[PDB]
Structure formats: C-alpha cells, structure tokens
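> any chance you could fold what I've pasted below:
(5 chains, ligands or ions: 7)
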Amino acid sequence: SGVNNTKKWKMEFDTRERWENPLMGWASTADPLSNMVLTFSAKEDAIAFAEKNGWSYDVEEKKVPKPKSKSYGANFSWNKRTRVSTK
Amino acid sequence: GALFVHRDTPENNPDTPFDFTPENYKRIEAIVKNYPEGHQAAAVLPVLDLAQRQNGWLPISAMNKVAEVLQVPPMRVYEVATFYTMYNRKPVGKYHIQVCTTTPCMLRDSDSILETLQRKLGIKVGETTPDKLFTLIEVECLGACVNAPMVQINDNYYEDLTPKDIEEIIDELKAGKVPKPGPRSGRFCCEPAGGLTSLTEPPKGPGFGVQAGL
Amino acid sequence: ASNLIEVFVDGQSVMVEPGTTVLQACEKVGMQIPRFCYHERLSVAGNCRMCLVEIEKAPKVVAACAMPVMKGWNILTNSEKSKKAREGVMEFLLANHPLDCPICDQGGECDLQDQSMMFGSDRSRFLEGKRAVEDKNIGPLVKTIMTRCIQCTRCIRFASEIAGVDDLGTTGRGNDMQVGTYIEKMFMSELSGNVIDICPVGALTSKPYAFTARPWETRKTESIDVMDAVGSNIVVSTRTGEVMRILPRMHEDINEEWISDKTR
Amino acid sequence: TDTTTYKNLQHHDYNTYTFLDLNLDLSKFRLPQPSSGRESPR
Amino acid sequence: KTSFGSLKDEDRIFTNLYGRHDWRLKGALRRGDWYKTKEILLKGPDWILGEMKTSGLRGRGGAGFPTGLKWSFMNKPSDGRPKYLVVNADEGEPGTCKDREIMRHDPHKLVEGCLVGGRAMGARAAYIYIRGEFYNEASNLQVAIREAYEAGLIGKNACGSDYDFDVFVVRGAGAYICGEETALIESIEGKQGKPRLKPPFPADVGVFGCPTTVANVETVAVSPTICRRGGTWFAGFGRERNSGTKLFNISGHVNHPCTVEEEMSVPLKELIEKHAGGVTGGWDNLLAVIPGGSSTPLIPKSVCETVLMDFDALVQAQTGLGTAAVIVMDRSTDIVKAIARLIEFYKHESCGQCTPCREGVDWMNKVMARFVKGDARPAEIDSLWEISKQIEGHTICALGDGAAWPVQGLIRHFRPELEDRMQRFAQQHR
Ligand SMILES: Cc1cc2nc3c(=O)[nH]c(=O)nc-3n(C[C@H](O)[C@H](O)[C@H](O)COP(=O)(O)O)c2cc1C
Ligand code: SF4
Ligand code: SF4
Ligand code: SF4
Ligand code: FES
Ligand code: FES
Ligand SMILES: [K+]
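Numbering: from 1, shown residues only, chains lettered A, B, ... in the order given. Ligands and ions are numbered 1, 2, ... in the order given. Pasting the structure now:
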C-alpha cells in the first residue's frame, strides 16, 4: 500500500534478447543499455534529457489516484446497499 | 477449547435431518414480524436459538436451514454461531451445568463446587458423562454475583451453593425431578442474610411525592 | 471556500471537502499514514489501529482511516503520541505474527515488514509462545497460511463488496478468531486473485507463483492484458528472461486496481 | 399485603418455549413495522 | 448536606428490590408505577429532558455520561427514518447483579421508563437487549410487557396519550462485548457482536441505521420516578454532579453479600458494615476493594478508610464508579490470582476485532498467569505497565481500557507482593 516509489519520473529502455547460457543456464544478454534506469524530478526534464541524448521516447502521463468519498457511516445505512453484512 | 472449524462427520454432515416444526415456523414468523421489513436479517440470533432449543445442539444442517429460512448467507450464520457462546456446536447432555469461576465466585469458593461436581459426575470439565445426562463446563460471570457460588443448569439458576447442596441438586437431576431453583442458603434472593437492612416499611403507593403542576 | 473546510496538518493549511478523513487529508498534503486494514476501494473497517494520530488540543488519538476532519484541526502526524501508538500497535501485531519471513512468498512485498522497519520498534518484549492456526484449502489458486493472518478483514470486505460472494468471514472470538470459511468451501469466483493482491501479510499467496522468485529479483514491465476485451493495464514481472507473475495496474478508467483470474 | 413470603414462583414453571410462545401471543398487539425500501440489502 | 447515606425507604425508588411484593401489574399499581404517565407524555419531550437535566442523573452503565444530554442528543426533527430507544440489560460485568434483580422483581418500572424515554427522545420502539442466560428474567419481562399491552399502557395509545410505542425484548447469547453499546447495536442488527467506531454516534446511526439511544436498565427504571417526583428531589439527593440513588452490589469476602439501594456519596466503609454485615474478619481483615466493577482498578484499605462512592471521588482515588459492584477481598485473598482471573475473563470475552485489545489482552493474560506462578522477573512489571498503557486509549471500545485498568491498579498498589512472589520463586528454584 506504500506510494513512495511513485514520486520520481523514470526513464527505461526497450528490452532486448536475454537468451540462455549453454554452460550454466544463466540469463545472458547482448545489450548494455538494459539494467539502467534514470530518475528525474519532472516529465519535461526527462524529455529534455531524452532529446539531448537523441533517444526516441514514449512518454506516459502520471497516473494519480482519484479522490474517493469515504465514510464509515455508509457501512450501517438504513436503506442504501452500502450496508455491510459483516465486520 | 472447541475448534472454530467444521469437519464432516456421520453425525454432523450437511445431510443430517433437521427441519422446524410448524409451531416453530410460527415462532420464526413472529420474530421476523417483530423485526423491520428489509432488516428481517437481524433475526439470525433468535431463530438460531429456537433451532438450538428444538434440536438440543446446533448441527451444520440446522445452521444451513436457518440460513435458507432467513435468506441470509450461511457464512453470516456460521459467524454468529461461532462468535456466540450459548450456541452448542457439539452435542451436549440433557443437563448442561455451567459453573461460574470468575473472581467473586472464586472468592466465595466455587472451586469446591467444581471439584465436587467433578467427583460426583466422575468426569472432568468440558466433557460429557457416558450416559449423556450431564455436561459440565466452566463459564464467565452469569450475572448472580452476590449469590456466589452458583451454577446454571439449562435455563435454571442455582445459587448460594455448598458442596452438599450441589450434591442434592445432582441427585435430584439424576432422579428426574425439578431441583427447585434459586438460592439454597435459606435466603430468598439478593437480600442480606440474617435480617433486612432496607425496604422494611411498606411501599408508599400511588401519588406519593408527586410534584406540582403534574 | 464554498463547500470546503480548512484543516491543518503539521501546521500546514489545506482545503478539503466535508466528510474527508484524516488519512485523506494527509495523502492530500503528501504524506502516507500507516495502514493495514484501510483500502481506498474497500469499505472502512478501522480495526488494525495502525492509523492512530494525535490531533492538537485532543488527549485521545484518532484513527485517520475513519475519523473525518471537522474544522481547523491540527493533525500532528509525527508527534510523540502518534509514534508511540504506531510502535505499540506494530509490536502487538508482531507478538503473535509467526516467524516465517524466509519461507514467505511476501518476501519484500510485505507491508508488515516494511512498516515495522519504518515505524515499529526493533526488539521484542514477547516472552511467551505464539499462537498457531491450522491452514484452510479455499482453492488451488489462493494458498492460505492463516498463521500469518493479522485479521484485517480486507479479504472479507473484498469478497463481500466487490466479488459479491459472502463466503469468507471471521469465526470465533478473541485471540482465537480465524479468518476463512467455516466449512471446506472452494473459494472460486471472478476476481479471486485480488485477495492475494490486497492481503498485506503473506497469508493469502499465489499457488502458481509459490516459492518461485522475489520482488527484488523481478523486473517490472508495463503491458496490456488481452485475454478479454476490457484492455486492463497489467505489470508483467519477469526474472532472468522468463515471465513470473502478472499484477494489475492502477487505472481508474479501465479496471481500477484489479484483474480477472484468467488474466492473473 | 404479605411481605414475608417470596411471590415470584411464576418463574419456576417455565418451559423451554415460554419466551417464544409469549412473543407469538403478543405479536398481535404490535404496530406495523417501518419499511427499509427493499426486501433485503442483498 | 455534608454526611451522606441513611437513605429513607419512602425516598428509595426500587421499592421491590428483594421481590417480597408482587412484581406483576397489580403489584406495580399498588406500589405506584404507571401513575400520571399520560400526563407525563402530554407534558412532552422538552419537559422530560429538562427534568433529566435538572436531575443531573448520570449513566448507571459505568460510562458516567449525563443522561439528560445523552437523551437530548435525539431532540431533532426526523429525517424520514424511525428513532429507537434501546435498553441494555446484558449485565456482563462481574460483581454486578442489580439490573437482573430489578428486571426480575420490578419490571413494570422498566416498561414505564422505556415509554417515558421513548416519548422524551421521540421514538416508536424500545428494544430491550437482555442477556441470553437470563431466561427466567426475560420471560418475566415478557409477562409484564404483555400485561402492559393488554392494559393499554403500550401500543397504539400510550396510556391514552395518542402516542404509538412498542416494546420488544431481544435475547443475546452470552457476550460481555455484546454488553457494550455499539456491539449491542450490531447484535440487535444480527451480526456478530463487534463494536463500531464513533463517529457515527448512535444518536445519528444506531440499530438498522436509525437514530437510537442505548440506556441502562437502572437509568431507564429511575426515569419515570424522576419525572413524577421532580428533578429537584433527585438532585437534592447525592452530592454535586453525583446525585440520586444507586444500586450497590456488595460481594466477595463479606458476611452478607447483597444488593442494596443506597444514596450516592455514601462512604464505602459505612456501606460495607451497614449493608454487607462487615468484612469477614473485620475492617482490619479487609485487604482490597474493587468498587466499580471489574473494569475499575483495585484500592487498598488505607485509601478505603474514607473514600466515597462518587464518580468524581473514585476518579480522585484513581478508580471509577462503574456499575457499583463492590468486590471485597480480605487478608487471605490471593490478590494476584484474583486480578489474573479477571484478565483471563477479559481474554475470554474480548471480541478480537481490534489488534491492541486482542493481542495485548491475550499477552497480559499469559503474563499474569506467570505472575501468579511467580515465574517472572521484576522488569516484567514495568513491561506489563507499558503494555497496559499501550492498550489503553488505542482500542475501539472501552473493553481494552477496562482490561488494562485492573493490572494498572495492581501494579500501582500491590507491587511488593509481586516482587516477593518472584523472589520466592527464584529462591526456591535454585
Ligand atoms: C465492554 C463494555 C461492556 C459493557 N457492558 C455493559 C452491560 O452489560 N450493561 C450495561 O448496562 N452497560 C454496559 N456497558 C456500558 C455501556 O456503555 C452503557 O450501558 C451504555 O452506553 C448506556 O449508557 P448509560 O450508562 O448512560 O445508560 C459496557 C461498556 C463496555 C465498554
Ligand atoms: S507476512 Fe509475516 S512472515 Fe511473511 S514476510 Fe511479512 S512479517 Fe514475515
Ligand atoms: S487473510 Fe490477509 S486480507 Fe484477510 S484478514 Fe487476514 S491479513 Fe487481512
Ligand atoms: S477493545 Fe477488544 S472488545 Fe472492544 S472492539 Fe477491540 S477487540 Fe473488541
Ligand atoms: S462473577 Fe460469578 S455470577 Fe458474576
Ligand atoms: S488503517 Fe485505520 S485502523 Fe486500520
Ligand atoms: K498476500
């Protein structure tokens, strides 16, 4: 339920092939640019970094939770369907 | 003590024969009519108690029957039956002796009552006699604390008990007659022993001390 | 300020709607009150008592998940009373929590472990023996190890309100209260992996995912479910180039916080 | 106006169905119950 | 007045406490019940609430909250919902029998009080939630209710005052937690007896989501006598802010364990050797007293010498006046065993909904078991004190507070006893 990991913007790369090592079965890769992510304070700062380094970027807008109408008295409603059958 | 989970047994499978008698159905209808419309699901406890009073204990088939009668979830019925302590989820004897061993009953020495019941019935606490006439358990406060020590057998209160007195109560139960409940130390109720320290004078009656303008 | 009230949190003013809880005001200002039983898509239960905070000029701590702010309250979230309440509640939980962290599927995804490290104490005054609860068999999808359960009724509220099955519940009383089904009932319906999602402890784990990987091992890839046509957003967790788990994504316009069992 | 004798003995001859039968007998004296607007909360 | 006690029998309210007179409608009418009830209801709600406020009657349940204000919380226009008066006759507290006694021996005062309170708040029904073990008491209450219905005091014309009132009796199934207000509300609503959080208060959301008010049997039963004889008389009895008569249940190590009705602010000593016949062995043989039921801490003899029986007096004595259950323990009492049995009772009766009470009260039961055995070390006394302070004020209802308080009293007073027990166990072990 923690939300502290949803505060900073992140840039990652497209995933490439991770095949199987013949000797041990380890996950072997060929790209270098896979295990890295970059952290940013702002979407426009991340976009500026991407255009400065010449990488084609897909930007996704921030998904914030919609505010909810929470009330403890709805669990014991006289006529509404929000009355709970148990606690 | 008991386990709050269900295991199917040949005596407590969900196919054991339980159904309400027509007069019990009339009583259930009376309870539902007492409760409001749309909140008739509040009748879970009285209908479950009526099922217990009909059948002795409460099998899983009786729980499901109460659930389908009241159109309430069987899980809610199970929750009620497992939360509340007066619903017997296992078969008990004809006489269910509950001995109160809470602190003032302990002060008035209900331990002697418990040990003499154990010796007289030949059983430990929480178990049933082989002839299925007596079950003996310890319970919390039963609401009669100045009358300590005390037991409750079925719906009857036996108070001011000595070991000899509870021996005659057990003998009367074995003989099959009504043990005439109440205190057994010669006093009628919670009044002080050896005299009445209050309410000696007759009550004043109607229209006494009524204020003006009323 | 029409249809709005002013409330203070750590001396910082904020404007909230009437009926807004203390926890909602705190997440509005930008901090997260500790929680175990509160879920923003379930009904308010208020039993875990982790969200107790101190209001200024008030000698009684209040539960942030249930108490609504009225007017001009000062919510002292990092106060000494709030810290002591959080420490006491977490040590009460870990008194009878089983000592099962290495063999637990909720290895690094444990709210109990995390919030214990964050707010609780670091030692134990429990010199007694813990309680142990027998395990249920609600289905081959959800593996139940009910010793780890902290009785937050999240699964019960979810099954009652969203799944709409009314099959789970609390049987018993006191320390012996057990969450589950009274009889051996197979808990299979739609959206039945979200109990594995929203159970904070590792009481309700995923049987196909059982004893496979760890959250620090798994890499998260944001993708779209295609098993049905709802197009629910998912996170595919892959470790060492192999798909390990499917998790939902918070998208309020498509699937909220849940995915179907076929998807999962 | 006797005061030396216990006179609650009516509770001695009470069977296991006394409360329920008297509730059933008394049910015809009650006012109609209010309606919640639905048959059940479902 | 300065010295209290010596209540007169003509001023005593419960004139049939011992059941020596008839408890039916004829006996109630002979003793003065159901008198000018139609005049009371025609005087109406505001007059009754003013009478309660001038009485200054507090809750007999143990909460201690002013009955006048608590009943005036429902002096509102209806929002399309019914309003309910609920009576608590659970009597869970150990040491207490007063509500059982007054329901069994004088139930028409209870029915008249239900009618008076329902008219005062504005209500259509009073649900009397009785303990399930009180089968004979519930049947007697039902007999009295049927007598009132046949006499026309209840139902479609409340004593001819053009007021529709119903009285229901609902039985529990043995839960001290269902003795509580909101858990009682849920028990009436049919769910398992777990208290709900406040807000919403029962004056806004109670049983079935309707505005309700839960009131004690003693409070409801003294309501119509208060209305008939006036609030000034009830306020004149007792001290300031602790006024009126009170049913004290004296039990334990006393010569005559009894329930008596006595004026408030009576000295505890005077009460004990006036109605209980004295402590077994004497006041020198007295060791400790729990004055306000098992949710209140213990007090030793040195402070029992001159303590009064007020809410404020017991608060100043670091205790409370709950259901006026005076449990008396003499020099031969195993005091740690008594308190540990109380904590075991609280462990068995906690509903387990909320974590501090559930886990902590189980923990304190285990710790006090080891304290009775002597199997601990003196740092665990302070550890148990901190556990009790962590439970108290962090729970949903006041069962956690009522379980933490007796251990707090035992640690505060009889700490050398615990240290001596641990020392004895240590020197016998090695
Ligand atoms: C755990 C718990 C149990 C209680 N049990 C009872 C009980 O059995 N009977 C009772 O009259 N009050 C009981 N009370 C006190 C109630 O709060 C009180 O009766 C109720 O609020 C009515 O208020 P009153 O005292 O003003 O009438 C209990 C309180 C708590 C916290
Ligand atoms: S759920 Fe319990 S056992 Fe599992 S990681 Fe968390 S604290 Fe450890
Ligand atoms: S199983 Fe999990 S979700 Fe359910 S009550 Fe227990 S801890 Fe909460
Ligand atoms: S304090 Fe105890 S009895 Fe009260 S709600 Fe919490 S668990 Fe239940
Ligand atoms: S303590 Fe035993 S009846 Fe109350
Ligand atoms: S999060 Fe509020 S009590 Fe659990
Ligand atoms: K989980």
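> what about the residue of chain B found nearest chain A, which SS state?
Scanning chain B for the residue nearest chain A gives residue B:76, at 5.5 Å (criterion: C-beta to the nearest C-beta). C-beta here means a position set from N, CA and C on the backbone, and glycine is covered the same way. At residue B:76 the chain is in helix, as set by DSSP: H, G, I helix; E, B strand; the rest coil.
> show me how chain B divides into domains.
B:18-91, B:92-197 (CATH domains of a matching chain).
> to ligand 7, which of those lies closest?
Nearest to ligand 7 among the domains of chain B is domain B:18-91; the distance by C-beta to the ion comes to 21.1 Å.
> now do the same end-to-end measure for that closest one.
14 Å (C-alpha to C-alpha, to the nearest Å).
> please apply the same query to stretch E:241-254.
For stretch E:241-254, the end-to-end distance is 30 Å (C-alpha to C-alpha).
> count of neighbours near the closest residue to ligand 7 within the stretch 1-150 of chain C?
With C-beta to the ion as the measure, residue C:106 is the residue of the stretch 1-150 of chain C nearest to ligand 7, at 5.3 Å. Neighbours of residue C:106 under the rule other C-beta atoms under 10 Å in any protein chain shown: 21.
> quick one: contacts for the nearest residue to the residue of chain B closest to chain A once chain neighbours are set aside?
Distances taken as C-beta to C-beta, 6 or more residues apart in numbering or on different chains place residue A:85 nearest to residue B:76, at 5.5 Å, with adjacent residues excluded. Applying C-beta atoms under 8 Å, 6 or more residues apart in numbering or on different chains, we find residue A:85 in contact with B:41, B:72, B:73, B:76, C:160, C:166, D:41, E:191.
> thought residue B:30 was touching residue D:21?
No. Counting by C-beta atoms under 8 Å, residue B:30 does not reach residue D:21; the two are 9.3 Å apart.
> settle it for me: which of those two has more neighbours?
residue B:30 (21 against 16).
> which stretch of helix or strand covers the more buried one?
helix B:22-34 (DSSP states H and E).
> what of residue E:327?
strand E:325-330.
> does that strand come close to ligand 5?
No. Judged by C-beta under 6 Å from any ligand atom, strand E:325-330 stays clear of ligand 5, getting no closer than 8.8 Å.
> ranges for the strands of chain E?
E:84-89, E:125-130, E:166-171, E:212-216, E:238-239, E:242-243, E:245-252, E:258-263, E:286-290, E:299-300, E:325-330 (DSSP state E).
> would you format those as JSON lines with distance to chain A included?
Shown next, in JSON lines, are these (distance: least, C-beta to the nearest C-beta, whole Å):
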{"stretch": "strand E:84-89", "distance to chain A": "11"}
{"stretch": "strand E:125-130", "distance to chain A": "14"}
{"stretch": "strand E:166-171", "distance to chain A": "18"}
{"stretch": "strand E:212-216", "distance to chain A": "11"}
{"stretch": "strand E:238-239", "distance to chain A": "37"}
{"stretch": "strand E:242-243", "distance to chain A": "34"}
{"stretch": "strand E:245-252", "distance to chain A": "33"}
{"stretch": "strand E:258-263", "distance to chain A": "35"}
{"stretch": "strand E:286-290", "distance to chain A": "32"}
{"stretch": "strand E:299-300", "distance to chain A": "37"}
{"stretch": "strand E:325-330", "distance to chain A": "30"}
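> which stretches of the chain form strands?
The chain I'm using is chain A. Taking DSSP E as the test, the strands found in chain A are A:9-11, A:18-20, A:27-29, A:38-40.
> hm, I was asking about chain B
With DSSP E as the criterion, chain B has strands spanning B:95-100, B:127-128, B:134-139, B:151-153, B:156-159, B:182-183.
> need these in CSV with mean neighbour count and distance to ligand 3, can you?
Shown next, in CSV, are the strands of chain B (neighbours: other C-beta atoms under 10 Å in any protein chain shown; distance: least, C-beta to the nearest ligand atom, whole Å):
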stretch, mean neighbour count, distance to ligand 3
strand B:95-100, 22, 32
strand B:127-128, 15, 33
strand B:134-139, 20, 29
strand B:151-153, 23, 35
strand B:156-159, 22, 39
strand B:182-183, 20, 46
